[PDB]
Every structure is written in C-alpha cells, then in structure tokens.
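Worksheet: the structure to be examined is printed underneath.
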C-alpha cells in the first residue's frame, strides 16, 4: 500500500532526573500540537521519551521501575492519547515497558505505534541491547541497558499503517544492516527509529568527532539499500551533565536527507513522504534484479 | 606497521572493443609499475579488467568468449604475473573466467587474488548478477551480464593473506548489505571490490545524479558496519560511447574515505592500511554489546524475494 | 517565534518554449497555493522563472524580447501578485526585465522581492553574467547570457524585509565569494538565490559528476562564512532536451542543509528559518576571535583578473 | 612527474608543555624521513609546530617567549633544515617568530617555506588573529593569540616555487574567503595551510559537532572557488587536557578531498598534485577578468 504522508520528527531536548512526568508529557503534547498545526498525520517521538536515559545510572536491576510504565495508556500518558486522537494524529512513542507474564516481571525497551483514529497499531521491543550488564569502572559514563532490559520478544514487525507499510526499530538497532533488511523483506516503506546516542565515547571519555557521521551513514544506507523512508528522531541535550546527540533526519528511499534538525532541544522537523516512491524503486527487477541468492547469506543466521 | 599494508587502487580508463589485449595488459603493467614507485604491497584492479564491458553488447550466450580467459595466467596475462612477482606486489585482478568444470564449460565473473610471491591466494566468483538475459529495447543501454555469466560457486570467501584476513567481492555485490556481513562474519579486515557502473540510467538514458552518492554510500557503510577496509576500484571512461563512473576510493574501517581518484582514466590512489584498527574496533564491540540475535534474522536466509 | 520565517523554496520543473505564459504562471501560482497549505510566509521562486532558458538559443541580441516583461506586475503576471497578497505570502521572483531606462531600452536578468502586504521591497539585477556573447560551435550547448543581458546596476542590496535583513543574488552569483560577503557585510540575515544550471558540461556534452557537489558546496560555505541563511531555488528538468540541475536547498547559517528537493520538477521545500541565529553567531563566531583586516584584502577591488 | 608535485601532509600529535624542543624537532625530522621514504618533494608541517599551543595559557604579554624562535635555523631547528636539504625535500614550517627591530620586540605567528635546495622561499605571518587579549573567566578554555602575537606584515604573498605558484595561510585564516581569493588573484596553484583548532567551544566547553564539517567546508570551497590545491595539516591530540581536532586533508582544485588522516597523532598524508590542472580550470571558464565586476565588491575594502 502507498500514498503520501506528512511525518513530524518530534525531536526532544533533555529530560533530567528532576523533571516531573507531567512536564515531560506536556512537552510531548506541545510537540504534538506543533506537528498538528503543521498538517502532520504521523509524528515520531524518540526512544525512552517518558523518562531520562537512566541506563547511565547504576541501581539494582529492579531499581529503575519508577522510570518505567505499568500500562501503555497511563494516567500519566493518557492526555497524550486524548490529544493525538482529538487532532487525528498518529504517533510512535518510545518508552520503558513494564509487563507481567507468568508472575515474573519483564522489562522491555519499547516503542508503541498508534493510528490516527487513536488505536494502537503495534509495539516493537528493542532486540539489540547495547552497553553492559555490570558496572564497569574504567569508563567516563555508564551504559547499563543490558542490566535494566531483556531482549524483546516482538521481532522486527512491519504493519499495514498510515496507508503504507510501517516498521519500527529502536536506537542502536540502526547500526545493524539486519534491522533494515529484515523489515525490508517485508516491503517496509517507513521505518521509524527513535534514539539516544551519547556524544562521548565511554571507553576514552572523549567526544566522537565521527558521531553524526555514523548516525547518518547507517540510516541513509538503510533507506537506500532497502528503498524505504527512514525517520530518525533524537532526544538530545545535556541531561544531568550528559550530552546526547541531535541531528534528527527524515531520510528518503534514495538515501537523501530531506529534513535535518539543527538544535539539541525540542524541535519538530517535518516532510511529506510519498510512500509510493518506495514501491517504484523496489521495481529494480527491470535491470538490476541481482536476485537474492540466500544460499550464500547463511552465515547471517548462525551468528551475525 | 603492526599489520599494515600500502594498498593501491589502480582504477582504469576506458577499454574499447577495438583495443588489443597487449594494450589492455601493458596498461595493467603500467599501473603495476606505478605502484612499485609508491611502495604498494597490494594492487586492486577492476572488475573484468582484461576486456571492455561486453555485457552492454548483445550476442549469443556463448558469443562473447573471445573476451574470456582460457586459463587465468595465460600467454597474454603471463607478463602481468611476472612483473608482479619481480616487484613483490600482490594483486587482485578481475576477468571473465572460461573453465571446463563439472564436465561442461562454465563462465563466471571472477577475481583472483595473487600474493606477493606470485602465488594465487584465492578466487571469488560473482554471486549477484544484475540486468537481463534478453535484449530489452526500451532502455538506452543493455546490461546482459545475466546472459553471459553463471552465478558464482565460490561463496564469499575470506583468506589469510597480506598479513590479515582479506576477502573479495565484485561490482553490485557492494549494494547488498549481505556481502559485507558474511565476510565480516569471518573476521575480514580488507575487502577488494572492483567494478563497472554505467553512469546513465538504463531506463532513463540520462545520468544518475545519485550515481556517485550511492557508490561511496554503500561502500562506506560497509566498512563501518563490519570494521573492515573496503577498497573499490573502478574501470571508468567512455567505452564505445558509454561512460563508466569513476570515484575509486579507499575507505577505512571507520567508514572514512582516505583516497579518491578524480579521473575517468588510468589512475592510481594509495593509502597505508593498518589492518589492526579493524581488529581493535571489533573488540570495542563490547560496550556496544551487540549480543546480536540471529533468531530475528531468519528472513535473510529463507525467502529469495520479498513478502 | 523570535524573528522566524517559514520560507518555501519553489523549485520549478522544465519550461519548453512551447509553454504558454498562462501555463507558467499558473504553475507559479500552483506552487504559491501549495506554500500556503504549509503556512509559508515567503516563497522563493527560481531565476528566469517566467520563461525557459533562452540563453541556450542563438538569436538577434534584441530578438529575445518575447521572453521579457513589459512591467513587473504586468497583465499576465498580475494574477500571481494578486493571489500572493490575497493569501499573505511574500515572494522573490526571477525574470527578464525590459525597461526603457536612461532613455534607452535596457535588459537585465532580474529578481524582484515582494512582501506579504503585496508591496515590492527591492529588485536585484545580475552582476555576474556567464557564458559568451557569440555562438561557440565546439560547445555541446550554448550559454549566451552575456549576449541577452547587460550587467546589473543594483549592487548586492540588503533590505529590511520579513522581520530581518534579506538580500538577493542570482544563479552563478552563488559561486563568487564576493556575493555573500558584500551582502553579509550589510548584516544580511537571509539570501535568496534562484538558478538554472545545466547538468552537462558544454565542452564534453557530458554531465559533471561534481555538478551538485559544487552547487551545494558554494552555497553552504556562503551561509556559513556570513552566518546567513541561503535559500537557493532551482528551475530543473529537461527543457527542450536540455537538462537543468535540481538540488534546491535551504541552508542554515551554520552551513547545514535543512531541506532538499529530490526531484527535477515542480517541487516545494519548507523550513522554519530563525533569523535570530544569524545575529547570535555574528557576535560570537565574529567574537573578538575575528578581526577583519581590509588593508590586505585590497586585490578584490584593485583588479578584475589574475596576475 | 612534471607540473606535478608530491606533497606530504605532516600532521602532528600533541606537544605538551613538558616536552623538550629536541623531542619535537626529532618528531618533525621523523615525519620528514617518511615523506622522503614515500617520495615527497614538499612536506607540510602545521601551525606552531615547535611548541605546544601556548595561546591557551594566561601569562604576561612577553611571558610566552620560550616558545618563540631566535632566528629561523636555530641551534634547536638546524638539524631539521640540514636533513631536509640532504633528502632534497622542501617544507612549510609553522612557529612563533620573535623578531627585533627599531630597538623593539615584534612577535608573529609565522610559517617559513623552505625550498628543496635548503633555501628559504619566503615567510607568511598570520593576519587573522583569533581569541582575545585579556583573561576571560566565562569560557572553559582560552585563546590569547591577540595577546601574544601581532598582525603580520606580509599579507598573502604568493611565490614561485616547486615549479608552481605557492601561497601560505595559517590556521583560522582558512575561514575567511579573503584568504583564498587574495591569493587566487595571484594565480595561486597550491595553498599551504597549517592549523590548530581546539575542538571544544570556548563559551560552553562543548565539542563543536560541526568542527570537522567546518574544517573541511572552508578549505574545500576555497580550493574550488579559486581553482587551487589546498593542503591542510593539523597539530592534533590532547595537549595537557586540551584536545585539538585532526582532519588533515589534501584538497584538489575541484574541491575534492583526495587524502585524509584518521588519527589525532603524527600522521603523513600524501598525494600527487598536478599544478597544471589548476591552470586548466583557471582558463577553462572561471576567468576572474571575464566576470569580475569589482565596482560592486567595494565593501570588502572599507569595512572588512
């Protein structure tokens, strides 16, 4: 399915330890009305947008649940759904999902996708957990996503959404060619990726002069190599003495950046994304069929 | 120099269908000499570097063999092998392999890797063939590589060579994320990709402005996403009225471009390549613990096409 | 917000010499209505947006005038002025000016700046005419802009418009550093540069691979080195079998590109342009870290050519 | 080989306060032997190559004179020249020139251009002096070039050298379009620029994510808009807890980056540069005299 959709990249400034959830949620609602006054049918929020990036903070493995969410539409998060449904906007919202299964607690790094009528289209849970499970002393900053999260049971699902084929990856998911390719082989036309990337290297304690190089290099190639719109929205800023990288971008099926956010705070980038351009380029069978020969890709499934 | 090589990308200019072999090969020896004048240990030639791009010409499937190679070092291509052993320079060299194997003649888009002592390290046979096998008469130019080559039976091998782990791929293999991963998953540290990419669009008869963007884009993300050196050597220029893109690059395991050709002709670019950055960047994939999941990937190896 | 403008670049598809004026002007109006659906406060149109690129055509140095305008809002272009005022959108609009100034009949390559209330703020007349005065048979395509236009007598003016300071320049003006400097030295907050740039080089009849690279490069440094926004709007497409470059772009005062066009047809990009950033960077990137020493910059006015 | 010069960009690593000038001069001599053993005829050293970047340290205005130079072939630097002479290599060498005159003390940021036969082709002195003159506590790091240096009294001299037209500019000269334009109208074919660029912003003590962006964009467009080779060579590294960017590049008259350095340490980038390609572009359109209309450029001499 295919047509022409206006996406709002709703980049977020910092959130601190101090901030009340009401502030953060008003901050999302403000971006929402902005995308609304701009015709955006879909608006994309970042990873862990209801929170600070608490993986830089050491605590028992059940010591973060305050930052998590017991249900998706919450008392806390319910005005954000009322508004989105009232204005008839859909939104991808990254958050920290708290869920009970067999009587144990299960904690995922989740993004929920909600259709313009206000009803959930789905839920992705982060597959690639970066960081380390334990406290590692010789590092200027900490990254304990493994300590506070389990590998999601979702998989890389691509849904019939917003008049096209929509998929969702999360953050460092975007450095692995698998994330794009898996959703690719599903005819995905719109991959939504929210992200928090620290600006410095933890091993050296220094800034990665190549940080946005890599941030944009992985997404443009994904887009291009898979003929898919790719939307990357940042939570940037200095949270609690820790700077995150901005550079949110809407990327075309061809690899072209069409929208870039110049700040490290709340910023709504925006662009009209013909989903049908994707389906066209996917008709490369004309000449460059170069047809998938899975007989040779086998190593990708014994490891990767 | 803990494990460090001076690679040369010896990008080539045009080859007409009116060019003599000895011409083609003297040119190859020309660039091989150039490299020795710059202390190059490895030299990466282009794809199908002993012949014009005959995939743009129509003919019977067996009708192009006057271009192939009856053996890899033959009488024609022997002096290129001798002047490299003499100089102690390894090379990778792309050609059209004619071979009788499995009791019948076979035809591949091949690259051979020759180590400095003059000994063949490995062969790789192109997997991804683009284009069409029948004449498609609404395009400005024909891409008949499907008609003239068989898919390669090599796999994406990676070899102990030149002090590290060195694989090879050819042309539009550099469009497919798989090419790098598979090789990356054998601890590759250098990937030699020669190529021919017509500048004009086949179905538009007009240049792809994104021709070059896409060239360096896929190769740069490939170096990055597998912490591997990626050397891409073009054959470029107007060949019998068809212009081949240039842009030969040496790209570092950070994705950074460290050498670019600026001509569509015979040209050489040189960089020292620390094969150890690759080994180090792979074990700083620990804080960014992949702990990557091959269970979510199975779509990559199951279906050929797309659901 | 704080002196922010929602600017729209209205990149235009091709114009044949068969195209009616009603067609061209409706298309101009087409984009203007689009830009109102997106709440644009300014609409930057291309250069010579009221006719094709007749510099590619040989003719009497006075037998091009069916492409010129008798007056700036004329009976034909009147609708586009009306509909812009009726919606509250300012615009900048490139055209070919026929005026009986200094007694004689004078001909320029002009853009005009019109504000939201409907009132003309300024007019810039191209200073840098490229190409040649005469027919040049050894060039693949002709550029006769010197033969149909006189040098502009406006200077690089910078008016108070749209909440800040906005200047204008046209096409290959965006190549000469002088363009942004002069205008930036007048505290320009925003620069409108419409353009037609063929993709093929005139000697080779072959597309410059570094055609768009140069395009963005010269306009990005300009935005950067004068802490000014640079909105460059193309007319693009195959026009009567001549292809103009696309790549329209809004560049921020940092040098960053924040909106691009991916097509060579009628297309509109939008971006909120904080005119305050310009004045922020100006008193910081020109900190006491900058002092400009014009005693040494004296060749830029002394001579016109290299020595 | 002719109209064609093999340049080597001799990027340096850190020089800390605690180094001997014998360490430093050896490290430049080390680089010189690599350009010889790689074939270089001209080898370009960076700005302030004989000391740490002392303009980050507060002192009397004659206080940082131990980092300056008595005369150019010193006791300390005389081995660098003798070697360069033997290997028949010319070099650009940046340094803090101390020069006496009319009983007074004059102080410059100076690069000397030495020819392959060992003889000095000339000397440029920085015109564009960044930073401030007095101490300023509201910035995380200091620039006092204006305090310790004087505006140079050479201007952008272009000389005949290496079979071509060679000019010099220094460090943050490379941001001013006047640097390249002035030298281009002299038929410059090769602009040598050494530099030290702190990678944090002084005001915020934040890394300038655009730092290397900006570092390449000014030099590329300079090359292109003036049909010239532009060689840019850094001193990079952490000097006493202050970090300088790297990004040493040889740049074509097309504006194309043809060699780039990956480290923030001693690195020799090298490239073969047709000086005639300049004159091709210079006379294939891009004639200044044909389009230049300096009745309109007049503000460039009245204000800046």
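We did not get these values from a lab; they are worked out from the coordinates using the rules stated. No Cβ is skipped: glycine too gets one built from the backbone with ideal geometry, and neighbour counts run over all protein chains shown.
The table below gives the values:
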| quantity | calculated |
| --- | --- |
| Two-site FRET efficiency, residue C:101 against residue D:101, from Cβ-Cβ distance with R₀ of 51 Å, rounded to 0.05 | 0.35 |
| Listed peptides C:37-43, D:138-144 by packing density, highest first (mean Cβ within 10 Å) | C:37-43, D:138-144 |
| For the range B:5-77 versus the range A:1-68, the gap between their alpha-carbon centres in whole angstrom | 56 |
| Per-peptide average of other Cβ atoms within 10 Å, ordering B:110-118, B:157-165 highest first | B:110-118, B:157-165 |
| Inter-part distance where the range B:138-212 and the range C:279-302 are each reduced to a Cα centre, Å | 49 |
| Inter-label distance, nm, simple model (7 Å from Cα along the C-beta direction), residue A:76/residue C:303 | 7.0 |
| Theoretical FRET efficiency, 1/(1+(r/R0)^6), r = Cβ-Cβ of residue B:240 and residue D:22, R0 45 Å, to 0.05 | 0.15 |
| Alpha-carbon centroids, the range D:270-296 and the range A:173-249: separation in whole Å | 40 |
| In nm, spacing of pseudo-spin labels at residue A:4 and residue A:85 (7 Å Cα→C-beta vector) | 3.1 |
| Relative compactness, the protein assembly as shown, computed as alpha-carbon Rg over 2.2 N^0.38 Å | 0.92 |
| 16 Å tail of the calculated P(r), the range C:175-248, as % of Cα pairs | 51 |
| Geometric extent, Cα atoms of the range D:214-284 - Rg, Dmax (angstrom) | 13.8, 49 |
| Full-stretch length increase - residue D:160, residue D:134 - with 0.36 nm per residue and alpha-carbon distance subtracted | 5.4 nm |
| Which of C:68, C:45 has the fewest Cβ neighbours within 10 Å, and the rest in rising order | C:68, C:45 |
| Residue B:21-residue D:290 FRET efficiency (beta carbon distance; Förster radius 60 Å; 0.05 resolution) | 0.80 |
| DSSP beta bridges in the protein assembly as shown [antiparallel fraction, %, rounded to 5] | 65 |
| 17 Å reach of a label modelled at residue A:33, 7 Å along Cα-to-Cβ, counting backbone N of the range A:252-278 | A:266-268 |
| Debye intensity ratio I(q)/I(0), log10, the range B:250-306, q values 0.23, 0.28, 0.30 Å⁻¹ (C-alpha model) | -0.92, -1.12, -1.19 |
| Value at 222 nm in deg cm²/dmol, rounded to 500, when DSSP H runs of n ≥ 4 in the protein assembly as shown each add -39,500 (n - 2.57) | -6000 deg cm²/dmol |
| Fraction of antiparallel bridges per DSSP, chain A only, in percent to nearest 5 | 65 |
| Per-bin percent of Cα-Cα distances, the range C:105-246 [10 Å] | 11, 38, 34, 14, 2 |
| Order of C:57, A:176 under a 10 Å beta carbon neighbour criterion, fewest first | C:57, A:176 |
| Simple spin-label estimate for residue D:141 and residue A:240 in nanometres, 7 Å along Cα-Cβ | 2.7 |
| Residue order, fewest to most beta carbons within 10 Å, for D:297, C:195, D:281, D:58 | D:58, D:281, D:297, C:195 |
| Kirkwood hydrodynamic radius (C-alpha pairs) into Stokes-Einstein, the range A:4-302, 20 °C and 1.002 mPa s, D in µm²/s | 110 |
| Fraction in percent of alpha-carbon pairs per bin - 20 Å, chain B | 34, 59, 7 |
